[PDB]
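For full-length UniProt numbering, count along the sequence shown from 1 and bump the result up by 29.
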Amino acid sequence: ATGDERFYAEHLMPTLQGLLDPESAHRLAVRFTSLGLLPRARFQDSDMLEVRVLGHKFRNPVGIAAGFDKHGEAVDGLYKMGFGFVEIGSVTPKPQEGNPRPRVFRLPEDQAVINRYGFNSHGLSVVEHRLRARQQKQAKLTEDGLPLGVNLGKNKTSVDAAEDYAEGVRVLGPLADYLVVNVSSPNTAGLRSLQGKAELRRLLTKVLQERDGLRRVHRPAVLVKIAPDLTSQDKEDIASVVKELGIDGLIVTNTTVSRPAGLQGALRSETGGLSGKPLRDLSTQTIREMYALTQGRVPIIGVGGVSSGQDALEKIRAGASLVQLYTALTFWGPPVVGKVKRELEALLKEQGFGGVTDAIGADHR
Ligand SMILES: CN(C)c1cccc(-c2c(F)cc(-n3nnc4c3C(=O)c3ccccc3C4=O)cc2F)c1
Ligand SMILES: Cc1cc2nc3c(=O)[nH]c(=O)nc-3n(C[C@H](O)[C@H](O)[C@H](O)COP(=O)(O)O)c2cc1C
Ligand SMILES: CCCCCCCCCCCC[N+](C)(C)[O-]
Ligand SMILES: O=C(O)c1cc(=O)[nH]c(=O)[nH]1
Ligand code: NA
Ligand code: NA
Ligand code: NA
């Protein structure tokens, strides 16, 4: 456990980063993971990490965020890594290549990444068939407390964003425990402007209609994923629409197009979304605000700069029922998953919580 953690963090990951540019390293990470080339996590999930939310059991509250496995190629490997749930995507209706390379940048001095992938996607049909090949295997995983989320995007050339998302609901909804719609990615022109109220209501109404039209055992929860870059007005409006329409949850947050003061990385002024440690507390505060605006009645998946039990627990106490991480993997490697779970368990005990569920939103009380 702690042996592998130190070796990866101090030696192996710095060495890999020295050899491979970020996108190449990402591709290698997906390949290794899809092949199961990693230590089968020794950390046995305890009962106090179990969470029941979004109509499912989650064996532990630590998930892999969207964008690591964009095309659904490494799902089983990610469960093997110890994630309590897996979110794939974003997936666009038609295949598209995304932005020109280079489009991924490391900021090692900041434990951050900047990306402008631009929703590179194999497209719905490819991902549909990939998930169909393991549909019953997933049904069993979900029953065993390891659910699957699918994050739905839209094509760069789309004329009707709502129809892109509707297509995603129809094609991948039947294969997902939950679906995600971003009003929040920084690398598609006009995507975030789906945050405006009357239009946001229109979009999400259409998405929920399509979801409701699926057969009962194929009917996923629907969540909205937001950026940390929203105005106070934006957040009020989203909270209102989410409650009005009965949206099942929020993912808080995507990457930031802000550049917090103090970034040291040479590549800090690259265009794209910033992830990792400089995002952490901005994300946590966005969780805190959305939890309050929804009266704690709307499940939140908290994400941004998590690499420790403390980071995870801060988001849970702020209002998250579950958390995700991504960028930590790129600096700590696979052992970070067991690290976060072990540290989270220890902190829950230390702060007198019976389990994760008791800690959700605790700061507000
Ligand atoms: C040694 N073994 C068995 C093993 C198994 C499974 C995975 C890995 C693994 C890893 F988890 C992460 C990386 N990695 N290194 N630098 C970066 C990455 C990224 O994944 C990444 C992703 C997105 C933007 C940027 C990056 C990025 O800069 C490289 C890996 F090989 C290693
Ligand atoms: C390289 C990269 C690609 C990403 N791609 C997506 C994506 O396709 N869809 C999405 O909703 N979020 C995407 N994200 C955002 C992550 O899901 C997550 O919200 C964000 O990175 C903050 O978590 P972290 O600090 O633990 O990385 C991506 C992030 C990174 C770093
Ligand atoms: C309140 C705005 C702050 C902007 C970003 C804050 C980053 C916190 C620095 C701690 C991260 C740990 N490390 C090793 C990556 O430096
Ligand atoms: O594909 C991308 O560029 C991307 C999508 C998203 O939702 N978030 C992010 O940081 N990048
Ligand atoms: Na399934
Ligand atoms: Na379902
Ligand atoms: Na405002």
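A virtual CB, placed ideally from N, CA and C, is assigned to each residue, including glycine.
Pair within 9 Å by beta-carbon distance, residue i and residue j
{"i": "residue 72", "j": "residue 32", "result": "no"}
{"i": "residue 144", "j": "residue 211", "result": "no"}
{"i": "residue 268", "j": "residue 322", "result": "yes"}
{"i": "residue 360", "j": "residue 38", "result": "yes"}
{"i": "residue 246", "j": "residue 181", "result": "no"}
{"i": "residue 8", "j": "residue 207", "result": "Here the chain covers residues 30 to 394 and nothing more, so residue 8 does not appear."}
{"i": "residue 91", "j": "residue 353", "result": "yes"}
{"i": "residue 341", "j": "residue 308", "result": "no"}
{"i": "residue 29", "j": "residue 347", "result": "One cannot answer for residue 29 here, as it falls past the ends of the chain, which runs 30 to 394."}
{"i": "residue 243", "j": "residue 271", "result": "no"}
{"i": "residue 76", "j": "residue 384", "result": "yes"}
{"i": "residue 69", "j": "residue 109", "result": "yes"}
{"i": "residue 216", "j": "residue 147", "result": "yes"}
{"i": "residue 177", "j": "residue 170", "result": "yes"}
{"i": "residue 333", "j": "residue 286", "result": "no"}
{"i": "residue 151", "j": "residue 124", "result": "yes"}
{"i": "residue 345", "j": "residue 279", "result": "no"}
Residues sharing a beta bridge with residue i, DSSP
{"i": "residue 141", "result": "136, 305"}
{"i": "residue 87", "result": "80"}
{"i": "residue 117", "result": "179"}
{"i": "residue 285", "result": "303"}
{"i": "residue 351", "result": "330"}
{"i": "residue 211", "result": "254"}
{"i": "residue 279", "result": "253, 329"}
{"i": "residue 150", "result": "125"}
{"i": "residue 96", "result": "For residue 96, which the question treats as bridged, DSSP gives no partner whatsoever."}
Separation of residue j from residue i, as counted between CA atoms
{"i": "residue 60", "j": "residue 202", "result": "26 Å"}
{"i": "residue 168", "j": "residue 358", "result": "27 Å"}
{"i": "residue 191", "j": "residue 378", "result": "45 Å"}
{"i": "residue 366", "j": "residue 253", "result": "25 Å"}
{"i": "residue 118", "j": "residue 156", "result": "9 Å"}
{"i": "residue 356", "j": "residue 337", "result": "12 Å"}
{"i": "residue 350", "j": "residue 319", "result": "13 Å"}
{"i": "residue 43", "j": "residue 273", "result": "48 Å"}
{"i": "residue 364", "j": "residue 103", "result": "17 Å"}
{"i": "residue 48", "j": "residue 57", "result": "12 Å"}
{"i": "residue 295", "j": "residue 302", "result": "16 Å"}
{"i": "residue 46", "j": "residue 232", "result": "41 Å"}
Extent of the continuous alpha helix (DSSP H) to which residue i belongs
{"i": "residue 47", "result": "42–48"}
{"i": "residue 164", "result": "164–172"}
{"i": "residue 194", "result": "190–201"}
{"i": "residue 372", "result": "364–379"}
{"i": "residue 263", "result": "261–274"}
{"i": "residue 37", "result": "Where residue 37 is concerned, there is no enclosing alpha helix (DSSP H), given that its DSSP letter is neither H nor E."}
{"i": "residue 51", "result": "51–63"}
{"i": "residue 388", "result": "385–388"}
{"i": "residue 219", "result": "No alpha helix (DSSP H) contains residue 219, which DSSP labels as neither H nor E."}
{"i": "residue 185", "result": "Run containing residue 185: none; DSSP gives neither H nor E here."}
{"i": "residue 238", "result": "226–241"}
{"i": "residue 246", "result": "Looking at the DSSP string, residue 246 is not in any alpha helix (DSSP H), and its letter there is neither H nor E."}
{"i": "residue 357", "result": "356–361"}
Extent of the continuous beta strand (DSSP E) to which residue i belongs
{"i": "residue 255", "result": "250–255"}
Which residues have their C-beta within less than 6 Å of a heavy atom of ligand 7, listed in chain order? 260, 261, 262
Ligand 6 site residues, beta-carbon cut 7 Å against heavy atoms: 206, 246, 247, 248, 249
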